[PDB]
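Protein chains in written order, with PDB author numbering: chain J, 23 to 192; chain A, 25 to 127, 139 to 562; chain B, 283 to 422; chain G, 256 to 305; chain E, 15 to 501; chain D, 15 to 378. Just so you know, even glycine gets a beta-carbon here, dropped at the ideal spot from N, CA and C. In what follows, a single structure is set out as structure tokens and then discussed.
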Ligand SMILES: Nc1ncnc2c1ncn2[C@@H]1O[C@H](COP(=O)(O)OP(=O)(O)OP(=O)(O)O)[C@@H](O)[C@H]1O
Ligand SMILES: Nc1ncnc2c1ncn2[C@@H]1O[C@H](COP(=O)(O)OP(=O)(O)OP(=O)(O)O)[C@@H](O)[C@H]1O
Ligand SMILES: Nc1ncnc2c1ncn2[C@@H]1O[C@H](COP(=O)(O)OP(=O)(O)O)[C@@H](O)[C@H]1O
Ligand SMILES: [Mg+2]
Ligand SMILES: [Mg+2]
């Protein structure tokens, strides 16, 4: 019930994607969604925009990447890398829902500076953010301003007046 | 019941000759055999020659000292196979699959490569962490780029730094776009493998890495089959849609082992004593590198083979054979390594046959500028600078970029594009060459505007480390990142030139001057 | 003959495939004797033999202006002179692109006619000095 | 004079490398040929002639 | 009726020996082994005989899990290959089996792989220039229709990119057909070429294609890698003789066809040559090259490539390939390291049709004058390296600057090199290609700077680039003025 | 029990073939002939099997007056050589026999010369600079305790003198048992070293000796020179593992070990690879090199010399020896001709401990 899709080699391609989207929505840790995308691709079902958006949803709502904890986890990096895989690699383009998920994570994390970049990138592409999230971003910014956490503490301290390999920390 | 085929006629070191039993039983070619060295233990082997009189020339791979003449020989009828799976990550392993201590599924060792329809062209990058390899010699996924150079020039360290670079990203992104790694040590010392394992455990790069060691004490047949075993581990990660990276240490040693095996088995020599079909060897090995089609999971495995070079010659048989195979090459010159700069890449001789398509949107524009700048700088750099104030901008920017190319370890993408942007756009033109890296250190780890209070930028600061995924998508040549980037770099340059450059030039004491010198070298190292 | 270098490769193939013992540059030993079987048949015959004559102009291709090769060293050892062309002169408009210093005819003047000996002696005494003068003068 | 001396060294090294390469190609060919000769059996390989 | 069976004696690498009781088949005959035991149809091709009852044959597929004394069928014919319109727009192996997953191949006929060369009476030499669009080639090496071309050069010189650009510029306008033959090629290049020919609609599957692609790559064994060119020739000679069309025959590359047989030479028992190549190399290459030639029926405009290992031109393989060509294009590392692309050396390369009678007199004269200038340019780098530019006459500096402009001008950006250059390609017509070089030859454009010639097409683009560079230079000058005014 | 017996089959130089009726022994097994026939004791190690009921084996002593049917006795073991404190201050041969004319070595156990290398778990690379007192060696190519060292140099460049200066500096003030393996070098140098040490009370025979000497020199046939380094490693590994003590290992030089194995390979019939070298050169050299490693039990700070025929680094033997070392020292002839000594070419030299993590930052 849709336009037939094709690969770069002109071969016919499947579009039946709902059964895999259900495997994403049933997930509890957002590394399983990646394996679902892989097992989808092996069956000649490439991901569509709805599938990537469901993967971003499962990313945002999940607690951890895997059952066990991992050091260096970043809830936003995986989302933005899926966006790069969408635009550059696969050719699909994101929509307002995708950037909205990406902004919800920055709102939760409190990273108020990347949120402004997400906002500017939305309206530069025509997308209109939800003012709820913009107000939450500015609120977190004001909190970090008044509390002195506008930047980390290790930046707001004097550098060594004397040059020394140990003083600068290298 | 095990089926017997003959008895060990003779044995010449790592090879053996099998004489047939009284039965007419036939053996297949390239299949594995077993030799009953004892009632309990077994010595695996592999067929390399069949002959008119039924004799079988055999390569030995385990328990060679226990082999004698007259021992019975059983046949499995199968090609050589090894265990494969995610359970092998974080392990040093014999190419036979035997784990090496420290202190169900099986994959064929010799498989065909993906055909012309089962591999997509290169689209994604592999951040080696070094600015040269990411800018002017862009390595990609599914690529097979050689690492040349004389002894002790940084060949192993480049691949190690690549593996170490990938870890920080792989801990962030999903487990499908992360690139794992294999380090195949052919003919190397066991101590080097122990040191590599310790390094990877220190930086925690061993969760996403495995090692396949075939040391010099080990049999030649094991050194011969090691890289095929590494590619066989990469088979599953291709077919499981994941990514994986191969680092074949010295393939010249892998060819010495093949020469030994062949000549001891009374195969005819060839050019430089090799049997002749040593090119087909590396061909079968390296053509397995590919960026797979979406029909096959969009998987990939990069190959970074290493080849030793004698007196900077690219005329030897193996080097030519491999340059003919590999897309690009990363030529490491002793004259530059010994000439001070490290990594000692020679851009005139190092290339990449993928180019912009490998590297990213943000890096495409910077590389398009850097290529032109270096092509202009190559023509002038032979001149001793005489127009010290009449020097061209290109002579400045190229020297600053060469200073930035100096590294020891890898570098984050965000921590490289900004540093190269400041060079190509000339923001780092007033400071002298020697301070080109201390500038970068402050630009990446000591935010001066945030320190000196000049904070007008809304978001752009080099402390977050997560702006990379916005640069990687939008690019710095965008409406939102370009002006903030300029209104960060210009204040950084101004505060530097005012406070630090001025204090630096005022030094006359030998003690403070040496303190500063050591600081600049340390900044060259850590950054 | 266009040309004898390929005749030598053919002889080498015939020999090696028949397992004749090899030699320098995978050529048999008697490959010199091959060209001597051929070029010695060239001769200016006697008045007892009809006064006939057979001239030979064997061609031999060089590679990177190598003359220390095996076939070249053999044919030079055989021939009653030689002609040496150069590509640096072929590109510089000097066509035929000879090298008079390396080009030699041991038959110097007995071949030349009465009208040609005088002209050739003059041109030799001219070119021998033109070479010394042009070799030492500047480009300007 | 210095250029001459450099030229004589270059000539000695060139001719040395030339002769060594000739010997190397010769020993290679004789080695491959010798290996082929070694791959010949000494057995009688008796067969019926009646 | 019944096909005789043979029994394997020994298996050494790609070489196998076979017994035949009744009588051995002829040389180059195909011999099958069923897929029941080894999993795939293992084909083999006799290279030489040993005894009246025993013969030895190479294998075009890898030999794995192959027992001794296995039955080997005599097909009664050498390797038959399909030919026709159905071969168009399809990838093919050595055996002719389609490896692309497009479908079966309709074949009303199937020609063999080895065939006698055309007789001297059949041959036809027609002097007719081929407009490649490339500038160096349009001037110094005018490619001849129905002739033979060779892109000599080592690794990383641009002969593959020259093949791609020549395809893009010729095969589109070539109303006949075309054939590509990857021999020891990188498989990635095969994917790139296939997707380019698909996006360019040279290979229009639903419509009508006009390009065959045969591929035996580095991964393949030597027996396949040697018999690819014969397969592509079986495809091409059909279009030449039967269909009567004009054919393009691209090859990448012949040195792999050589070294494959070299990899089997020791197994066959043949004694090697000085460089380690097979003793029959010249004959083996001639039996292929002579098939690549025009006839009274048609004309194959072949374009070949040769790997020159270690940039050693003295290597026998290119040395023998010189004679079998008409346009010996040569590429060099030096011109490539100087930032010029295509990295052609005009002095080292030559053409047969570069004659006054075959082409225009002005074209021949301009080409010969440029070639005469560049030799003096070499003789003057010999001097400037020592003395300096000051110690040369102004008449000498003039030709120095002219040659320095010519060398940079004969660089050219290609559409295929958009990835590396980042600049759109230019198609330079032959007539403009002579008016511009002649205008530069007679000092008509000496006021124009040097770098304006770098990586452009015709003379109009040069003047555009000069105006540009003057604009940015005035910008830097006035910005320096304003910076001095500011501080 | 009754001893196995065999009969000689053919002789080509040092190489012998032995037919064993019952069965062939394993490779590396020793085979002895009585002195009644040849005139002296002769042990011969098996190196390969040709067929069942046959074994090709290399002689240690000369094959003079050896016949084609001499009975041969299987010892049932590899070449066992002594170990322990009894080996101190004594010269030994390839067979572990003494030649110093002093007395019977009071060994308690003998170990085979051929041995598997340490496992990856046993190895422990500890980076510590070794102060030699030499000025070039310290700055550019700093040595490493427990690591390997290479003095790569041709004929008349000064690598033996460097070894002697390193002995006078390091070895005497080492506090650990030293070993000196002469492999195809001048017999005069062994006498000079023995007298220099017997005078320095390093080989005090009436006291405690801190040295071991093994000498298979150029006079000896290749069968000795190809298995003498293994004997010295058998001595060193006992002090490394059992005693748990740091030791040195001065090889002068490994190139004659390689030459000997090449001559042997020609006698064995193996096809030469390049420059008339054996096809198994890399394997044969790595089985010796990888035994030289600092395990957790101890450390072996080897100092190997290497010879370069015709002053050619591209010779396969040094070219393969490079990878098996931690600190190279490429000596030159032009530098020696210029009067400079040591004739080091620091641009060709290299080291592993030359990092700031090990050596101080100023030194780097
Ligand atoms: N980028 C770098 N910065 C500083 N030092 C470096 C760098 N790269 C390599 N080195 C140093 O170079 C030396 C050798 O590097 P590496 O181990 O990569 O050499 P190699 O090519 O593996 O040598 P071999 O060929 O002998 O194995 C080491 O001391 C290492 O620390
Ligand atoms: N530091 C030094 N001062 C003076 N002379 C030296 C020095 N080092 C070496 N030589 C000289 O070099 C020559 C040979 O030294 P040495 O015996 O070490 O040679 P080698 O390196 O062992 O070479 P070979 O073993 O082939 O003779 C002697 O004449 C010796 O005096
Ligand atoms: N027209 C061109 N513009 C820019 N770069 C080129 C051009 N032609 C060749 N190159 C260089 O050559 C590389 C590809 O080499 P390739 O042609 O594949 O080598 P070979 O032809 O020897 O196989 C490119 O990646 C690039 O560096
Ligand atoms: Mg290395
Ligand atoms: Mg000495």
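What residue 143/J touches in chain A, judged by beta-carbon distance under 7 Å, is 509, 515, going in chain order.
Collapsing the DSSP output to three states places residue 188/A in coil. According to the DSSP assignment, residue 397/E belongs to the alpha helix (DSSP H) that extends over 375 to 398. Taken from the Cβ of residue 388/A, at least one heavy atom of ligand 3 lies inside 6 Å. Residue state for residue 58/E is assigned as strand, using DSSP reduced to three classes. Taking 8 Å as the Cβ-Cβ cut-off, the stretch 278 to 294 of chain G approaches chain B at 280, 281, 284, 285, 288, given in chain order. Contacts between residue 307/B and chain E, judged by CB atoms closer than 7 Å, involve 288 in chain order. Judged by DSSP in its simplified three-state form, residue 250/E adopts helix. The DSSP-derived three-state label of residue 225/E is strand. With its beta carbon less than 7 Å from one in chain G, residue 301/A belongs to the interface. When C-beta atoms of the stretch 227 to 236 of chain D are compared with those of the stretch 283 to 303 of chain D, fewer than three pairs fall below 8 Å, so the two segments do not count as touching.
Only 73, 74, 75, 76, 78 from the stretch 70 to 87 of chain A bring a Cβ to less than 8 Å from some Cβ of chain E.
The beta-carbon distance between residue 175/E and residue 431/E, rounded to whole angstroms, is 6 Å. This is short enough to meet the 8 Å contact definition. Here residue 191/E is buried: its Cβ has 16 or more other Cβ atoms, across all protein chains shown, within 10 Å. At a cut-off of 7 Å between beta carbons, residue 361/B makes no contact with chain E. In the structure shown, residue 476/A falls within a helical segment according to DSSP collapsed to helix, strand and coil. Excluding the 5 residues flanking it on each side, residue 252/D has same chain C-beta neighbours closer than 7 Å at 97, 98, 125, in chain order. Taking a contact to require three or more Cβ pairs closer than 8 Å, the stretch 64 to 79 of chain E and the stretch 33 to 42 of chain E qualify as touching. If you look at residue 29/A, you'll find it in the beta strand (DSSP E) that goes 27 to 36. Ranked by how close their Cα comes to the Cα of residue 348/D, the residues 101/D, 169/D, 164/D have 169/D in first place.
Judged by DSSP in its simplified three-state form, residue 327/A adopts strand. Looking at the DSSP output, residue 162/E bridges to 316/E.
At a cut-off of 7 Å between C-beta atoms, residue 336/B does not count as an interface residue with respect to chain E.
One finds 286, 289, 290, 293 in chain G with Cβ atoms closer than 9 Å to the Cβ of residue 285/D, taken in chain order. Burial is judged here by how many other beta carbons sit within 10 angstroms of a residue's own beta carbon; residue 176/A has at least 16 and is buried.
Residues of chain E with a Cβ closer than 8 Å to the Cβ of residue 113/J do not exist; the shortest Cβ-Cβ separation is about 14 Å.
Residue environment: residue 176/J is assigned as exposed (fewer than 16 neighbouring CB atoms within 10 Å of its CB, all protein chains considered).
Residue 288/D and residue 172/E have their C-alpha atoms roughly 34 Å apart.
In the structure shown, residue 43/A adopts extended strand secondary structure according to DSSP, grouped into three states. Contact check for residue 381/B and residue 362/B: beta-carbon distance about 18 Å, past the 8 Å limit, so the pair fails to qualify.
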